[PDB]
Amino acid sequence: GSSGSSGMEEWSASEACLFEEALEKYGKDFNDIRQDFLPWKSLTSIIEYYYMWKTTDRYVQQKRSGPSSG
């Protein structure tokens with residue numbers, strides 16, 4: 001079992017949750033987190049996700065019709 005920075009970063013459900021809770025608990029301190037929260041994970045590597053998280057709500061739901069009034 002090995003790993004290598006290639007293609008596109010791929011996190012795990014558990015990992016994702018860990019981060020979120022890491023912010024509410026620790027905050028904008030990637031260090032404090034990467035320290036205990038996620039030792040293996042990298043400092044920046046953890047940050048990258050943050051963006052993908054804040055950029056959420058991107059056409060996640062399907063289109064739907066409305067009242068079409070007007």
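What counts and what doesn't
- Residues numbered from 1 in each chain as written, not as in the entry; some residues may be left out.
- Heavy atoms only, no water.
- Helix = DSSP H or I, 4+ residues; strand = E, 2+ residues; numbered from the N terminus.
- Buried < 20%, exposed > 50% of the residue type's maximum accessible area, 1.4 Å probe, protein only.
- Arc of directions from axis to C-beta.
- Contact = heavy atoms within 4.5 Å.

Draft legend 1. The arrangement of unusual backbone geometry in detail. With a phi angle near 70 degrees, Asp-57 is a residue other than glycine that sits in the positive phi range. With respect to the helices and strands, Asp-57 occurs in the segment after α3 (43-54). The class of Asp-57 is exposed, set by a relative accessible area of 69%.

Draft legend 2. Highlighting helix α2 (residues 30-37). For α2, the full list of buried residues reads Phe-30, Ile-33 and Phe-37. Considered in projection along α2, the buried side chains sweep an arc of 80 degrees and stay on one side of the axis. Turned more than 90 degrees away from the buried face of α2, the exposed residues are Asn-31, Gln-35 and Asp-36. In this structure, the buried side of α2 is in contact with α1 (13-25) and α3.

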